[PDB]
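Structure file query_10.tsv with TSV, C-alpha atoms and all ligand atoms:
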```tsv
chain	number	residue	atom	x	y	z
A	1	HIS	CA	-8.96	-15.10	22.76
A	2	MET	CA	-6.95	-12.00	22.74
A	3	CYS	CA	-8.03	-10.05	19.78
A	4	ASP	CA	-10.73	-12.40	18.53
A	5	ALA	CA	-12.93	-9.61	17.23
A	6	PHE	CA	-10.03	-8.24	15.15
A	7	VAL	CA	-9.13	-11.51	13.42
A	8	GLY	CA	-10.05	-11.80	9.78
A	9	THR	CA	-9.75	-10.07	6.43
A	10	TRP	CA	-10.81	-6.45	6.20
A	11	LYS	CA	-11.08	-4.10	3.22
A	12	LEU	CA	-10.80	-0.30	3.25
A	13	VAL	CA	-14.11	1.41	2.59
A	14	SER	CA	-13.49	5.08	3.54
A	15	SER	CA	-10.70	7.46	4.36
A	16	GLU	CA	-10.49	10.97	5.71
A	17	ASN	CA	-7.46	13.23	6.10
A	18	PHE	CA	-4.97	10.54	5.11
A	19	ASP	CA	-2.93	12.81	2.80
A	20	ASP	CA	-2.61	15.37	5.59
A	21	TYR	CA	-1.57	12.65	8.07
A	22	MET	CA	1.06	11.45	5.63
A	23	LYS	CA	2.32	15.03	5.11
A	24	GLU	CA	2.70	15.44	8.87
A	25	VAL	CA	4.62	12.15	9.07
A	26	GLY	CA	7.00	13.34	6.33
A	27	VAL	CA	5.91	11.13	3.43
A	28	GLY	CA	7.03	12.53	0.09
A	29	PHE	CA	4.76	13.60	-2.74
A	30	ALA	CA	4.92	10.57	-5.04
A	31	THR	CA	4.47	8.08	-2.22
A	32	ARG	CA	1.57	10.09	-0.83
A	33	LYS	CA	-0.20	10.11	-4.19
A	34	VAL	CA	0.21	6.37	-4.87
A	35	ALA	CA	-0.40	5.29	-1.24
A	36	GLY	CA	-3.46	7.54	-1.02
A	37	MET	CA	-4.93	5.77	-4.03
A	38	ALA	CA	-4.49	2.35	-2.43
A	39	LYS	CA	-7.49	0.28	-1.37
A	40	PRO	CA	-5.77	-2.07	1.05
A	41	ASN	CA	-6.89	-5.18	2.74
A	42	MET	CA	-5.82	-5.73	6.33
A	43	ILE	CA	-5.47	-9.36	7.40
A	44	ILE	CA	-5.19	-9.99	11.12
A	45	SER	CA	-4.42	-13.37	12.68
A	46	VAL	CA	-3.33	-14.72	16.03
A	47	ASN	CA	-1.30	-17.82	16.88
A	48	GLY	CA	-0.63	-18.14	20.58
A	49	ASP	CA	0.79	-14.83	21.80
A	50	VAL	CA	1.89	-13.78	18.31
A	51	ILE	CA	-0.33	-11.38	16.38
A	52	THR	CA	0.25	-10.91	12.64
A	53	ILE	CA	-1.09	-7.92	10.69
A	54	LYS	CA	-0.69	-7.96	6.89
A	55	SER	CA	-1.53	-5.03	4.64
A	56	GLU	CA	-2.01	-5.89	0.99
A	57	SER	CA	-2.52	-3.35	-1.77
A	58	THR	CA	-1.34	-2.45	-5.24
A	59	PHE	CA	1.21	-0.10	-3.60
A	60	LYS	CA	2.85	-2.48	-1.14
A	61	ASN	CA	2.37	-5.79	0.64
A	62	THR	CA	3.63	-5.57	4.21
A	63	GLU	CA	3.50	-7.80	7.27
A	64	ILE	CA	4.27	-7.36	10.96
A	65	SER	CA	4.27	-10.01	13.68
A	66	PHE	CA	4.56	-9.09	17.33
A	67	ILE	CA	3.76	-9.84	20.94
A	68	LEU	CA	1.78	-7.23	22.84
A	69	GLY	CA	4.01	-4.92	24.86
A	70	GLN	CA	7.24	-6.14	23.23
A	71	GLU	CA	9.07	-3.66	21.03
A	72	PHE	CA	10.10	-4.56	17.52
A	73	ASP	CA	11.82	-2.85	14.63
A	74	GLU	CA	9.49	-2.15	11.60
A	75	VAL	CA	10.15	-0.83	8.05
A	76	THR	CA	6.99	1.06	7.10
A	77	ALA	CA	5.41	1.21	3.65
A	78	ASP	CA	7.01	4.68	3.18
A	79	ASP	CA	10.43	3.26	4.13
A	80	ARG	CA	10.80	4.66	7.62
A	81	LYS	CA	12.84	2.51	10.00
A	82	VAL	CA	10.86	2.72	13.21
A	83	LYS	CA	10.76	1.14	16.65
A	84	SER	CA	7.22	-0.08	17.31
A	85	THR	CA	5.28	-1.25	20.32
A	86	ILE	CA	1.70	-2.50	20.14
A	87	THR	CA	-0.48	-2.89	23.22
A	88	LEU	CA	-4.15	-3.55	23.97
A	89	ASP	CA	-5.71	-0.63	25.91
A	90	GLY	CA	-9.32	-1.06	26.84
A	91	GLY	CA	-9.98	-3.25	23.81
A	92	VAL	CA	-8.12	-0.98	21.35
A	93	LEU	CA	-4.90	-2.05	19.64
A	94	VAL	CA	-2.53	0.89	20.12
A	95	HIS	CA	0.53	0.94	17.81
A	96	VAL	CA	3.24	3.51	18.61
A	97	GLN	CA	6.07	4.09	16.10
A	98	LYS	CA	9.21	6.01	17.11
A	99	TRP	CA	11.90	7.28	14.73
A	100	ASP	CA	14.24	10.29	14.54
A	101	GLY	CA	12.81	11.74	17.77
A	102	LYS	CA	9.29	11.66	16.28
A	103	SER	CA	6.28	9.54	17.21
A	104	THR	CA	3.01	8.50	15.58
A	105	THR	CA	0.19	6.40	16.98
A	106	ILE	CA	-2.17	4.14	15.02
A	107	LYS	CA	-5.23	2.82	16.87
A	108	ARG	CA	-7.37	-0.07	15.62
A	109	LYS	CA	-10.79	-0.59	17.19
A	110	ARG	CA	-13.93	-2.55	16.51
A	111	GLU	CA	-17.02	-0.40	16.12
A	112	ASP	CA	-20.22	-2.10	15.04
A	113	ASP	CA	-19.21	-4.27	12.01
A	114	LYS	CA	-16.26	-2.04	11.18
A	115	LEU	CA	-12.62	-1.93	12.06
A	116	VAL	CA	-11.79	1.74	12.50
A	117	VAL	CA	-8.17	2.88	12.17
A	118	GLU	CA	-7.17	6.25	13.63
A	119	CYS	CA	-3.73	7.56	12.73
A	120	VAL	CA	-2.35	10.56	14.67
A	121	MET	CA	0.75	12.62	14.01
A	122	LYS	CA	0.93	15.67	16.29
A	123	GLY	CA	-2.38	17.43	15.84
A	124	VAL	CA	-3.41	15.67	12.61
A	125	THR	CA	-5.74	12.67	12.69
A	126	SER	CA	-6.78	10.42	9.83
A	127	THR	CA	-9.72	8.04	10.15
A	128	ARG	CA	-9.79	4.96	7.91
A	129	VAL	CA	-12.76	2.58	8.01
A	130	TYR	CA	-12.49	-1.10	7.07
A	131	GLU	CA	-15.27	-3.68	6.72
A	132	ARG	CA	-15.09	-7.46	6.49
A	133	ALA	CA	-14.02	-8.73	3.10
B	201	LIG	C1	-2.20	0.79	2.80
B	201	LIG	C2	-1.09	1.82	2.83
B	201	LIG	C3	0.19	1.20	2.36
B	201	LIG	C4	-1.48	3.04	2.04
B	201	LIG	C5	-0.83	2.37	4.21
B	201	LIG	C6	0.28	3.20	4.40
B	201	LIG	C7	0.54	3.77	5.64
B	201	LIG	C8	1.74	4.67	5.83
B	201	LIG	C9	2.33	5.14	4.54
B	201	LIG	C10	2.82	3.99	6.60
B	201	LIG	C11	1.28	5.94	6.51
B	201	LIG	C12	-0.38	3.45	6.70
B	201	LIG	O1	-0.21	3.92	7.98
B	201	LIG	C13	-1.51	2.64	6.49
B	201	LIG	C14	-2.53	2.35	7.59
B	201	LIG	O2	-2.18	3.23	8.62
B	201	LIG	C15	-3.97	2.69	7.20
B	201	LIG	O3	-4.66	2.08	6.28
B	201	LIG	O4	-4.53	3.62	7.84
B	201	LIG	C16	-2.49	0.94	8.09
B	201	LIG	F1	-1.30	0.68	8.63
B	201	LIG	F2	-3.40	0.71	9.05
B	201	LIG	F3	-2.71	0.04	7.14
B	201	LIG	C17	-1.72	2.15	5.23
```
Can the structure in the file be given as structure tokens, please?
Amino acid sequence: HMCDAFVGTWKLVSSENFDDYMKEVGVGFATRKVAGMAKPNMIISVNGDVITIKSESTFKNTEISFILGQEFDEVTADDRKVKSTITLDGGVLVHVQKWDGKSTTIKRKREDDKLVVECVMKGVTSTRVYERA
């Protein structure tokens, strides 16, 4: 029953500061413009110890599967090759991506009927709000 409140299909309903987050990460102009326009769904499922997170949009369809605390290699939607570890910290899914001596953290949390995603790169934070589809 790890992660029960995250499981389901979620749709993006608001975004703040996402372009600036992407700039800080190093995403190029054209990808920022097209990715920033995306209205993704996020589909989260659990089977045993394996969590799967899919992101589906007109820009890209991506999927990660992982076990909490166990590092994995990820190719991000902007084509970074990163080493990722996802843990549960006080009910928050904390996703750390490492590449080229850099690091970014993406947190997913349940707040009321929303799934709130906070993306941090150095001092820049983007907040993305999803609701059930
Ligand atoms: C949906 C899409 C492809 C625009 C997208 C692209 C990225 C980048 C480019 C890797 C920064 C990203 O981080 C996120 C996400 O962080 C968000 O919604 O905030 C995630 F992962 F939660 F879906 C979405």
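Take the candidates A:64, A:53, A:41, A:25 and check each one against residue A:105 using only C-alpha atoms; the shortest distance goes to A:25.
Shortest atom-to-atom contact with residue A:1 among A:49, A:71, A:113, A:63: A:49, counting all atoms listed in the file.
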Can you check which parts of chain A lie within 6 Å of ligand LIG 201 (chain B)? Per residue, the shortest pair of atoms and distance in Å to one decimal, counting only C-alpha atoms and all ligand atoms, sorted by chain and number, as CSV.
```
residue,atom,partner,partner_atom,distance
A:22,CA,B:LIG201,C11,5.6
A:35,CA,B:LIG201,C4,4.1
A:36,CA,B:LIG201,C4,5.8
A:38,CA,B:LIG201,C4,5.4
A:40,CA,B:LIG201,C1,4.9
A:55,CA,B:LIG201,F3,5.8
A:60,CA,B:LIG201,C3,5.7
A:76,CA,B:LIG201,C10,5.1
A:77,CA,B:LIG201,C10,4.8
A:78,CA,B:LIG201,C9,4.9
A:117,CA,B:LIG201,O4,5.7
A:128,CA,B:LIG201,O4,5.4
```
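Proximity to residue A:104 was assessed for A:125, A:37, A:10, A:44 counting all atoms listed in the file; the smallest distance is recorded for A:125.
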Checklist outcome for this item: Using all atoms listed in the file, the shortest atom-to-atom distance to residue A:33 among A:19, A:87, A:108, A:74 belongs to A:19
